[PDB]
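Since the structure comes first, as C-alpha cells, the remarks are kept for the end.
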Amino acid sequence: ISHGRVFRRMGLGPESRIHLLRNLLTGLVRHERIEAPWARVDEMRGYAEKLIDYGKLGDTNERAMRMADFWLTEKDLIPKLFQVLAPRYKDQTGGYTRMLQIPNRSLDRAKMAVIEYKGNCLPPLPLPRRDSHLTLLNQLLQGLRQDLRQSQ
Amino acid sequence: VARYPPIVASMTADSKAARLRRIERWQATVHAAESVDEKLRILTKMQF
Amino acid sequence: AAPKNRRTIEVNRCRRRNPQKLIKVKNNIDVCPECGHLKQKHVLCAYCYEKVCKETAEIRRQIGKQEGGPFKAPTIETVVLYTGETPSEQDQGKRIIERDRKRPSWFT
Amino acid sequence: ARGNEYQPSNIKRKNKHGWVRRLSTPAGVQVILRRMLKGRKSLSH
RNA sequence: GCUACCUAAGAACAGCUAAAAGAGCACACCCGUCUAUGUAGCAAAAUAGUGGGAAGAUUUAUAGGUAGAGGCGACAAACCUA
RNA sequence: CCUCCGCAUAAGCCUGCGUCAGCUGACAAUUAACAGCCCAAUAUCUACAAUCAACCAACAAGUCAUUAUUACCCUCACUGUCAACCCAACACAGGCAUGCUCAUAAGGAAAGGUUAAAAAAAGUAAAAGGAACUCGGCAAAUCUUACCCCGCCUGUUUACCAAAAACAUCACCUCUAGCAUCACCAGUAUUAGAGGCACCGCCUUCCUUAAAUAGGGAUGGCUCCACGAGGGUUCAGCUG
RNA sequence: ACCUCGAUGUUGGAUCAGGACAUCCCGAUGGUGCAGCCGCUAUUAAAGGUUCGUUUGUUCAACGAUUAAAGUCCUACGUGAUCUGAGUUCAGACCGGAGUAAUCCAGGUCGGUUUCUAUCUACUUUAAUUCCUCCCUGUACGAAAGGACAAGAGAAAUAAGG
Ligand SMILES: [Mg+2]
Ligand SMILES: [Mg+2]
Ligand SMILES: [Mg+2]
Ligand SMILES: [Mg+2]
Ligand SMILES: [Mg+2]
Ligand SMILES: [Mg+2]
Ligand SMILES: [Mg+2]
Ligand SMILES: [Mg+2]
Ligand SMILES: [Mg+2]
Ligand SMILES: [Mg+2]
Ligand SMILES: [Mg+2]
Ligand SMILES: [Mg+2]
Ligand SMILES: [Mg+2]
Ligand SMILES: [Mg+2]
Ligand SMILES: [Mg+2]
Ligand SMILES: [Mg+2]
Ligand SMILES: [Mg+2]
Ligand SMILES: [Mg+2]
Ligand SMILES: [Mg+2]
Ligand SMILES: [Mg+2]
Ligand SMILES: [Mg+2]
Ligand SMILES: [Mg+2]
Ligand SMILES: [Mg+2]
Ligand SMILES: [Mg+2]
Ligand SMILES: [Mg+2]
Ligand SMILES: [Mg+2]
Ligand SMILES: [Mg+2]
Ligand SMILES: [Mg+2]
Ligand SMILES: [Mg+2]
Ligand SMILES: [Mg+2]
Ligand SMILES: [Zn+2]
C-alpha cells in the first residue's frame, strides 16, 4: 500500500535519491536543459522550482544560501542561481520549468523527458501547439462565442 | 555580505580537478608539517 | 516443482498467441506538421528534437570554448547570435555566443 | 574449498614429470616408450 | 604442486596491558562456535554477522622425502589431487 | 559515492582492452645498472648467539669469520623485463607469500528504465509488558550474577553434516635394551624405544518457581585453583 | 502381508484448519432420591466457542491460575514441494552391561547438511456468540440457611466487517 506516498523510491535509498536529484538539478542549473528518465525529471521538477524560489528569497538570506550550497554541487552555479535565474523569474510566481516527453532512450527504451528552465538562450523545443483558431471547429466555436455575446 | 562558497573542485569526486585538489591537500599537509623529518616522511612515504 | 508432462504445441499456441500477449496497435501516431515525420501525440517529434539537440550541442561547444575551464559559469545572461546578427539593445550586458551558420528558421 | 589442488610451479613440474626423471628409472623409460608408440606429441611433462 | 607428517634453509606477528608467560584484550594472519542466506549457489562447502587462537605445540612462502597387501596419522578408520 | 583495497617483488601464465582495418587479420613492443647465470687447487682454521647488545635475563643453546703455499693479464657475454595476468570447467562474492602505502597522491561504481502488489532476504523504529516465545534466551538488544556435570590447563580432530566429555598434554606409572659409523645416534640407564593414565595436592525429604519429568543439597578413591565458542541451572538488565 | 523399497524417515510443536456427533459449554424438552440453588440422568440441537503458564521432545500426564467449557474422534495416528528439528535415525565420544576381541545395546548423555524456480488439478472478497452486573428481587421457592426464573437495562470480551 502506497496511498498518499508522493516521493518516488529512486537510487540506493533516501540519501542516494537525494544525491541523484541533486546531480540532475545541478546539471539543469548549468545547462538550462536536461534529458533524463521521465520519472527522475518529474521528481526533480519540484526541487528545481524550489531552488528558483530560494534564489528569489535573495543572495543575502543565510537559509537560501545554505540551501543553494547544498543543492548545487558545482559552487560556481550559486552566483548564477542568485543573479541570473532568480532575476529572470522575479516577475513570475511559478512554472519556472518546462518538462516534455522525449522518444524513449535507444539504449534501454526508458521513458525519457527533457526539462528546461523557461527563458533560456538555447533553441526553443518543438513545443506542442494547439490547433489554429482558423480551423473549421474553432471557427464554429467562434461563431458560438459571438452569438452568445450578442444575445446576452 | 553575500558569502558565496569558494569556487573550487570537490574533494571526493572522480575528476581531474578533484584529483588535483586532493594532491593540493597532500601538499598542504606537507606544508603544515613542522619538522624536516616529517616533511621528508610525507614526501617519500608512498613508493611508486 | 518440476513439470509433470510436456505441454503440447496446441496449449502453448493457445497461451502465447493470446490477445493479452499480442502486441497492441498504437493509435496515437501522427504526422509532425513541421517536418512531416512520424511522432506520437504526447511525445516530441524525434526529427525536430534531434535538430534542436544538435544545435544545442553546437551552442554548448561554443559556450565551453568561451568559458575556457571548469567552474566558469557566468553571472550574466547569455545570448546566441548567428552570422549577420548584431546585439540588440536588450542584448547589451549579456555574454554573446557566436555561431558560424545562419539563423535557423525555427530558431527565433 | 576444493578444486584448486594444482598450485603450479615449474620446478616441481620438471622434477616430478620431466624427461630426466622419466629416464632415471626403467619404469619411466617404458612410460616414454608407451607415449612414443601411441604417437603422443608430448612425451614428457 | 591438495592433504598427513617430516627435512633444509627463510618470512610474518599492529596497538594496549603485564613483564620474560604454550599470559590477558585486541589488528594483520590462521581457524571455523552459532545464526541467517545459498542449496544446479558467487562457491562440487561460499557469503554476512557472530565467534576461538592470534609470541607460539603459532601461521606461512620455497625445494626435498615417505606410495597403496603401502605411506602418514596429538586414532577422527583422519588424509594420501573434489 | 566506495575503498575490501592499491603499487611493486616473488610465484604463476605467456602477448591475453597498444595502433590500424574488418572478436578476427596485420603491425608494433619488454633495451641492464635491477635479477638470474659464479668461484683453481691442496691442507689448515675456526668454544664465547640473537635479543638497539650496553646493564639485566636466561634457555629451547641458536642465521653469518680464515689462514699457508701453489697457480692465475681476456674483462661487461647470455637470459627475465609486456598485460586488465595465476589456481578454481567461467569477466567465478573463493585461494594466493613478501615490502611499502595504515587510507591513500593509488584504485573503483552498489542503481538497464519504471511501479512500489503478495511471499521471501537484509536493515532501522516501536505504545504497554519484558522470556509470558521456545527443546533451549536460537536470533536480536544489552554489557550481566551465582552454581553444578565433564575435561586439569594452552593446543588437536572427522578438509565437505559432529570441535566435544574424544586425541594430545606436562606429571606419574609399566615393560624392553649394556650398545656405536645411514634412523634410534654421530646418542649410552639421570639414556633410548613401546605403552598406560592424565597437572598438582590429599588419604588409605529440603531450597529454588504460583506452578519444577528441570537445577542444587541433605593401590584406587577424593580434591574444580585456573581455564572451556563443552553440557545444564540461574539473579538482574536487555530487548519484536 | 494386498499397493508403494527405480529419493516420501518418524514423533511432537507452529500455521491453517475440513468433517462426524457418540454434546464439554451455550439453546429446547422428559424424568428425578427435581421445594429453590446446585446437581444426576435421558431426547433434540454441530450455528458459535471450547484459555494461558511450570517441569518435560513429549503427545499424554502432574502442578498453578482461570473459564460458560477448557468435549471424544476422523482427516496418510490431517497438514513437514508451508515451517521446525527438541526425542528418535548414519558416521564421533562417554557411563552401565554383553562379548576373548572386532563390536553390540528396545538403556542414560553430548553433537550432528531438512533441496526444489509450481507444468497440471483445486483454490485465492460467500442476519454473531458468550460472560458479568443491575432490575424483576434477598421476589417465587424455603422453616431457615440459602435462593430462582422469564422480560428489560448497563457494561465488557471475543469473532466478522470497516
Ligand atoms: Mg531501483
Ligand atoms: Mg600450497
Ligand atoms: Mg603483538
Ligand atoms: Mg596468549
Ligand atoms: Mg596434526
Ligand atoms: Mg576412536
Ligand atoms: Mg569408528
Ligand atoms: Mg580423491
Ligand atoms: Mg552497477
Ligand atoms: Mg532492475
Ligand atoms: Mg516495544
Ligand atoms: Mg530474567
Ligand atoms: Mg509455551
Ligand atoms: Mg516458557
Ligand atoms: Mg546469542
Ligand atoms: Mg579440554
Ligand atoms: Mg582450547
Ligand atoms: Mg566435519
Ligand atoms: Mg581442520
Ligand atoms: Mg562443525
Ligand atoms: Mg526452562
Ligand atoms: Mg500370501
Ligand atoms: Mg445427539
Ligand atoms: Mg488409524
Ligand atoms: Mg536431534
Ligand atoms: Mg539412545
Ligand atoms: Mg541430543
Ligand atoms: Mg555445538
Ligand atoms: Mg523446506
Ligand atoms: Mg514456492
Ligand atoms: Zn517534426
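No value in this document is a laboratory result; all are computed from the given coordinates. For neighbour counting, all protein chains shown are included, and Cβ atoms are generated from backbone atoms with ideal geometry for every residue, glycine included.
Given the criteria touching a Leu at 6+ places or on another chain (Cβ under 9 Å), of a type outside the set (V, I, T) and either within 12 Å of another protein chain (Cβ to nearest Cβ) or at positive phi (or both), does A:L51 qualify?
no
Out of A:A64, A:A68, which single residue is within 14 Å of chain C (Cβ to nearest Cβ) and small (G, A, S)?
Answer to the check: A:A68.
I want to confirm something. Restricting to chain B and keeping residues that are away from chain A (no Cβ under 14 Å) and not in a helix (DSSP H, G or I), which single residue is surrounded by the fewest Cβ atoms within 10 Å (Cβ to Cβ)?
Only one residue fits best here, namely B:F48.
When you look at C:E98, is it away from chain A (no Cβ under 11 Å) and in contact with a helix residue (DSSP H, G or I) (Cβ under 8 Å, 6 or more places away or on another chain), yes or no? It would help to see each step written out before you state the result.
On the way: away from chain A (no Cβ under 11 Å): yes; in contact with a helix residue (DSSP H, G or I) (Cβ under 8 Å, 6 or more places away or on another chain): yes.
Yes: the conditions hold for C:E98.
Only helices (runs of 4 or more DSSP H) wholly contained in segment D:1-44 count here; list those with 3 or more residues that are surrounded by fewer than 10 Cβ atoms within 10 Å (Cβ to Cβ).
Filter on segment D:1-44 gives D:26-38.
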